[PDB]
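In: Once you've seen the sequence and the experimental structure below, I've got questions.
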Amino acid sequence: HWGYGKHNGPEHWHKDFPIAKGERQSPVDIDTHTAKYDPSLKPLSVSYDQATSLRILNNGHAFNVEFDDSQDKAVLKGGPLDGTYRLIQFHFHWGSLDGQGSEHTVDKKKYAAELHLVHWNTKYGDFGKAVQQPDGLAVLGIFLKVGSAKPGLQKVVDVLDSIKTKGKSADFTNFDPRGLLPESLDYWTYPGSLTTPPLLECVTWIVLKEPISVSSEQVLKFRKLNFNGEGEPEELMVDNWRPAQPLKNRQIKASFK
Ligand SMILES: NS(=O)(=O)c1ccc(NC(=S)Nc2cccc(I)c2)cc1
Ligand SMILES: [Zn+2]
């Protein structure tokens, strides 16, 4: 199975998922001097006030906080998007050290971690149909740097003990994802892919300019999670990030001058 180790990591993925070398792969480096301001871009609309979180899951690659997406409760729209995208889950990618961990980079700078809030286009009826479409998903990416703690993250951090190993899940209702956002909604956007297998080229990427700060103690507890299942040799869940992929024939647009 694919992973992030020496023998099954990002350099291996193309063998089972040929699209790894495709024309709109993610993540990418965001070159801030080359990204063009696009005045025709609309403000982002994040409507999370009716969000219903259900569960948190260690899936052996990261942990997912899952939401009830059987109704328009938590949706993303506007920006570069047409139509409504429902929140289905969010997850993080992070490093073994504070100097690495994000998937996207900004002028080659790596952040300590990166949050992905995953949304699917309601015109395709379910998530499985949506990932088969070029405009099927919208993922909102948010960088994390280490500094002051993020109060809105602590509920997540405190449950990680109960989902230490692969396949474990825990009840996680009444969590408000609005506590994970930065102040500004300024963003870059470009067409890309899932950053893990099957690497489908179905994503409109929306990456926020402003990082959130988390504490060293918060990211430390990320790093205490396990890739392996219970009763297996311990491998710490760290460096579950794919590095920057060739931009090729794409332009990154900025929502801001
Ligand atoms: N890291 S990311 O580009 O935000 C991202 C978002 C969603 C997924 N995978 C979803 S949740 N599961 C999935 C998707 C497509 C096919 C299959 I099989 C499983 C995988 C990666
Ligand atoms: Zn991700």
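Out: On my side now, so go ahead. Numbers count the residues shown, from 1 in each chain. Ligands and ions are numbered 1, 2, ... in the order given.

In: When you work out contacts or count neighbours from here on, use the C-alpha atoms and nothing else.
Out: Fine.

In: Could you tell me which residues of the stretch 101-250 of the chain lie near ligand 1?
Out: With C-alpha under 6 Å from any ligand atom as the criterion, the stretch 101-250 of the chain meets ligand 1 at residues 116, 118, 131, 139, 194, 195, 196, 198.

In: Neighbour-wise, give me the winner out of those.
Out: In terms of neighbours by other C-alpha atoms under 10 Å, these top out with residue 139 at 24 neighbours.

In: got the residues of the stretch 101-250 of the chain next to ligand 1 as a markdown table, with secondary structure and distance to residue 49 columns?
Out: Compiled in a markdown table, those are given as follows (DSSP: H, G, I helix; E, B strand; the rest coil; distance: C-alpha to C-alpha, whole Å):
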| residue | secondary structure | distance to residue 49 |
| --- | --- | --- |
| 116 | strand | 18 |
| 118 | strand | 16 |
| 131 | coil | 25 |
| 139 | strand | 18 |
| 194 | coil | 26 |
| 195 | coil | 28 |
| 196 | coil | 29 |
| 198 | coil | 31 |
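
In: farthest pair in those residues?
Out: The distance between the two most remote of these (C-alpha to C-alpha) is 16.6 Å, for 116 and 198.

In: All the helices of this protein, residue numbers only.
Out: For the chain, helices defined by DSSP state H occupy the ranges 127-130, 154-159, 216-222.

In: Pick the most buried one from those helices.
Out: Among the helices of the chain, the stretch with the highest mean neighbour count (mean count of other C-alpha atoms under 10 Å) is helix 216-222, at a mean of 18.

In: The closest residue to residue 131 other than its chain neighbours: neighbour count?
Out: Counting by C-alpha to C-alpha, 6 or more residues apart in numbering, residue 202 is the residue found nearest to residue 131 once chain neighbours are left out, at 5.5 Å. Other residues within reach of residue 202, judged by other C-alpha under 10 Å, total 22.

In: How about residue 236?
Out: 16.

In: cool, and the one 3 residues further on?
Out: Neighbours of residue 239 under the rule other C-alpha under 10 Å: 21.

In: ok, now residue 77?
Out: For residue 77, using other C-alpha under 10 Å, the count is 20.

In: and it, what is it in contact with?
Out: 44, 45, 46, 83, 84, 85 (C-alpha atoms under 8 Å, 6 or more residues apart in numbering).

In: These into JSON lines, with extra columns for distance to ligand 1 and neighbour count?
Out: Below are those laid out as JSON lines (distance: C-alpha to the nearest ligand atom, whole Å; neighbours: other C-alpha atoms under 10 Å):
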{"residue": "44", "distance to ligand 1": "18", "neighbour count": "17"}
{"residue": "45", "distance to ligand 1": "19", "neighbour count": "14"}
{"residue": "46", "distance to ligand 1": "17", "neighbour count": "17"}
{"residue": "83", "distance to ligand 1": "19", "neighbour count": "11"}
{"residue": "84", "distance to ligand 1": "17", "neighbour count": "19"}
{"residue": "85", "distance to ligand 1": "14", "neighbour count": "25"}
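
In: List the ones among those residues that fall in strands.
Out: 44, 45, 46, 85 (DSSP state E).

In: what's the last one in contact with, if anything?
Out: What it means is residue 85. 75, 76, 77, 119, 120, 121, 122, 137, 138.

In: Relative to residue 51, how far out is the fifth one?
Out: Just to be clear, that refers to residue 120. 15 Å (C-alpha to C-alpha, to the nearest Å).

In: Right, I'll call it a day here.
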